[PDB]
Amino acid sequence: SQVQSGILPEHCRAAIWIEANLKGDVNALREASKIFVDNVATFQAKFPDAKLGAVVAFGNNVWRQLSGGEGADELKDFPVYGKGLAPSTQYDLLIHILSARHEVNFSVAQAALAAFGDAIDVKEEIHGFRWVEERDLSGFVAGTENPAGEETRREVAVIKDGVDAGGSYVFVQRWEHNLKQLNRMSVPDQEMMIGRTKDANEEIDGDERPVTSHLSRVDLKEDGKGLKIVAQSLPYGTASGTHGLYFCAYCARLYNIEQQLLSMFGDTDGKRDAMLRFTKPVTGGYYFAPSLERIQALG
Amino acid sequence: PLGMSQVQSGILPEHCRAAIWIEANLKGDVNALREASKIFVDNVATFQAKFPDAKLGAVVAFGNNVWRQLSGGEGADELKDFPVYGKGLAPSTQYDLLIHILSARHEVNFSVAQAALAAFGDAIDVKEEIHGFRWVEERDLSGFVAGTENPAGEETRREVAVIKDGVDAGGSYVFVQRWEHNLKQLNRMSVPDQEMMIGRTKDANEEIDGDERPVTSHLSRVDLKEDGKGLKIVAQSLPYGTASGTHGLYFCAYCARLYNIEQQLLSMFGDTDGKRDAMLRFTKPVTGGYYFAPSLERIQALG
Ligand code: HEM
Ligand code: HEM
Ligand SMILES: [Mg+2]
Ligand SMILES: [Mg+2]
């Protein structure tokens, strides 16, 4: 089973995420998905330098229909976390496009919209960009502990066997940063909020940083085994309007993502991520990304 | 370089892949713009030093009312608020301040835009912020190549865009106008009909002779000569928007005289000969403003 092309690429410069609801017959998604994955292959051949990839992924209700109820055992609608502190905006379809070249991504996004046509209702379209020094707009480097290299990224993100082999679970969550609130914090206070130093990007020892620090919330182990995810997140927005991080992660099980969210939003131990001092999530959804062979076998 | 006037760095660069434009109104006393503009151009120099490979430039430019105040009424003789053209076919949304940032790196442009906002602070009310991107093959989102006849090279671009002498030497006039394309409407037109609308062939970008295209074609509207002398402008326009939402062309041009821009607008919008640009069949302008970009030396004499 071959993995969709947008899960594994590293260090992308730009992305487009489109989140949409199904308005028409669920069966219209079958032909549209095949059209789109062929478009992606054609664009990769036309723009080899772009290192383009893309993913089509499906919400719980749609995917149960498309799959006949087989597999994707962990899939569910995204719930609130923290009783609502993390909101839920579960849609039916996610299209994630990434590459070195925003302009290529834009053409690919137009192709996705042509493939799905008026069967879908676009609810969100976000254009991500890698910022200076791969920093989040807060000024902290983002991506350091992300699984590195195809071998490890496959291990973390790609389902190994059975009916879902080559697929992955996806989580997307848009955050809105209040950089004015951030900038009122001293740099040492910001560093204790994240759990790494700001300029030099060195981890602060877990025994010496707050348990509410981001790293303490999300660097989770189960009897010594890390709960890893493959992030594809990027900055987005305008300088004068809304801006933040579009969080996007892939994992061979939803479990690892969910444990991190239960931790961040106070459900596990009553403590909340210190980043909520300056940024907040405003969307959230879970999706299942089938393998390419599974997509071809739809219609 | 005493006794000379240095152009702001964003007027002349060619083939930059990314831009940010910010348009804003002044909220309080115009004096706030003096120290903010000096800070901003200094920040630009710092970003150029930090990111030499970005090939970054930027411009700060001013609307008529605030430029008249800051200049004491000296110079900028052609400057005026952007008029409506075609009785409203081209709307007017004249603001007080234009920031234009362009480079080979969107991420550097973003940092520079943040610096501009920090410099001006609450003295301004941002009315729009547009992130331009060069599309594939330098095409407009309509699919036609954009930029072919734009003045080429530093020498010619300086001749067209940069005022040569007098108090305004090193300055330029700026026009910005955001267009919203209806690509569904465009795609209802056959490609031959689109070519007659533009005046060039779509795939190969060959000019269609003036006698073989309608007078409403875009090239017939805007390729204007006065007794054989072309009325040139230096465009810095780029595509913008989302695939599923608003998208189009953010039109931006610089010229040493506002006259050349105005003649093209009077032509496009029906004021000269009663005919209008065929591109209005699929796209429309929704903003419009004129600004004056002083020389970099003069931004330093503010205060
Ligand atoms: C505003 C939103 C977020 C910001 C700004 C942010 C920022 C960061 C930063 C600066 C780091 C440290 C550098 C690195 O290793 O990448 C980090 C690490 C990490 N983040 Fe986040 N993050 C956000 C949301 C999330 C969410 C929602 C999750 C999971 C559901 C998450 C999971 C992780 C993980 C697993 C790590 C690596 C921890 C480690 O093993 O050291 N992050 N994040
Ligand atoms: C929807 C907005 C616009 C679109 C899509 C558009 C597109 C084009 C295209 C495809 C060309 C031919 C290729 C080239 O030489 O660049 C062109 C040329 C040109 N455009 Fe536009 N344009 C727009 C607005 C404007 C405006 C508002 C003006 C002036 C006020 C203008 C002035 C020019 C000029 C002077 C030329 C060169 C003509 C020549 O000498 O051959 N354009 N434009
Ligand atoms: Mg660790
Ligand atoms: Mg000509």
Side-chain angles (χ1 to χ4, degrees), chain B residues 10-23 59 61 63 81-86 88-95 98-102 127-135 138-151 157 160-161 172-183 186 197-200 217-219 221-224 231-241 246-255 257-271 276-293:
Chain B
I11 298 182
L12 301 171
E14 277 189 294
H15 300 298
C16 295
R17 75 185 66 171
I20 297 178
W21 294 266
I22 295 163
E23 294 162 73
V59 176
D81 274 29
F82 187 73
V84 304
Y85 294 92
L89 205 54
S92 174
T93 63
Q94 182 64 59
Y95 304 125
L98 175 66
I99 298 297
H100 173 207
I101 301 155
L102 69 178
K127 296 300 285 197
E128 68 175 357
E129 176 176 339
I130 299 293
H131 295 183
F133 62 93
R134 189 82 65 184
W135 195 41
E138 303 169 356
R139 293 172 188 272
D140 176 79
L141 296 180
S142 63
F144 285 80
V145 175
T148 307
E149 288 291 319
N150 200 24
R157 293 164 74 86
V160 172
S172 187
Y173 294 94
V174 202
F175 164 53
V176 287
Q177 178 182 59
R178 184 167 61 78
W179 292 72
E180 296 185 349
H181 288 9
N182 183 342
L183 299 179
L186 176 70
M197 166 183 74
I198 298 298
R200 306 185 71 94
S217 74
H218 183 51
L219 264 59
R221 294 291 87 192
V222 299
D223 186 351
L224 299 179
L231 301 185
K232 303 299 182 179
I233 65 181
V234 175
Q236 294 283 18
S237 309
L238 290 171
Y240 75 94
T246 303
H247 47 238
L249 184 73
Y250 189 92
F251 188 87
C252 172
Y254 292 88
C255 192
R257 291 188 62 230
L258 204 51
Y259 178 92
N260 290 6
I261 298 163
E262 180 153 63
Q263 300 327 114
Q264 293 181 26
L265 291 170
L266 289 164
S267 179
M268 285 180 69
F269 290 99
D271 295 315
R276 73 192 69 179
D277 204 295
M279 292 189 308
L280 295 164
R281 287 170 215 149
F282 81 100
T283 181
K284 62 180 184 175
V286 300
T287 66
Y290 287 149
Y291 301 83
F292 177 71

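So you know, we letter chains A, B, ... as the sequences are listed, proteins then strands, and number each from 1.
- The minimum heavy-atom distance linking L280(B) with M268(B) is given by the pair CD1-O, 4.3 Å.
- Between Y250(B) and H131(B) the shortest side-chain heavy-atom distance does not fall below 4.5 Å.
- Here the SG-CD1 distance, from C255(B) to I261(B), works out to 5.0 Å after rounding to the nearest 0.5 Å.
- Heavy atoms of other residues, nucleotides or ligands lying less than 6.0 angstrom from CZ of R157(B) number more than 12.
- Proximity of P285(B) to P91(B): side-chain heavy atoms (C-beta onward) are separated by under 4.5 Å at one or more points.
- Atom CZ of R200(B) and atom NE2 of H218(B) lie 10.5 Å apart (nearest 0.5 Å).
- Counting heavy atoms from C-beta outward, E23(B) and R178(B) have side chains that stay 4.5 Å or more apart.
- A distance of 11.0 Å separates CZ in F292(B) from CG in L258(B), rounded to the nearest 0.5 Å.
- Here the closest heavy-atom approach between residue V59(B) and residue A293(B) is recorded as CG1-CB, 3.7 Å.
- The shortest side-chain heavy-atom distance between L266(B) and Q263(B) falls under the 4.5 Å cut-off.
- Across all non-hydrogen atoms, the minimal contact from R276(B) to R221(B) is C-CD, 4.0 Å.
- Applying the side chain to side chain contact (heavy atoms under 4.5 Å, CB included) test between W21(B) and each of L238(B), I101(B), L102(B) identifies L238(B) as the sole match.
- Of the possible donor and acceptor atoms, one in the side chain of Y240(B) sits under 3.5 Å from a partner among the backbone N and O of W179(B).
- Here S237(B) contributes atom OG and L249(B) contributes atom CG; the two are 5.0 Å apart, rounded to the nearest 0.5 Å.
- Relative orientation of the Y254(B) and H100(B) rings is parallel, given thresholds of 30° and 60° on the angle between their planes.
- Minimum heavy-atom separation, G199(B) to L219(B): O-CD2, 3.8 Å.
- A distance of 5.5 Å separates CG in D223(B) from NZ in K232(B), rounded to the nearest 0.5 Å.
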Given ring-ring contact (aromatic ring centres under 6.0 Å, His included), test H181(B) with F282(B) step by step and report yes or no. CA-CA 6 Å; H181(B) 288 9; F282(B) 81 100; 5.1 Å; yes

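- Among all heavy-atom pairs drawn from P151(B) and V160(B), the shortest one is CG-CG2, 4.0 Å.
- Inter-residue side-chain proximity for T287(B) and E128(B) is flagged as met; some heavy-atom pair is nearer than 4.5 Å.
- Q236(B) is not listed as a side-chain neighbour of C16(B), based on a closest heavy-atom distance of 4.5 Å or more.
- Looking at every heavy atom in both residues, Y291(B) comes nearest to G63(B) through CD2-N, 3.6 Å.
- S217(B) places none of its side-chain heavy atoms less than 4.5 Å from the side chain of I198(B).
- Ring geometry for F82(B) versus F175(B): interplanar angle under 30°, hence parallel rather than tilted (30 to 60°).
- Summarising the geometry, atom NZ belonging to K284(B) is positioned 15.0 Å from atom CE belonging to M279(B); distances are rounded to the nearest 0.5 Å.
- Put simply, the side chain of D140(B) never gets that close to the backbone of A146(B): no donor and acceptor are under 3.5 Å apart.
- No donor-acceptor pair closer than 3.5 Å links the side chain of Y290(B) to the backbone N or O of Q94(B).
- Contact check for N150(B) versus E14(B): no side-chain heavy atoms found under the 4.5 Å cut-off.
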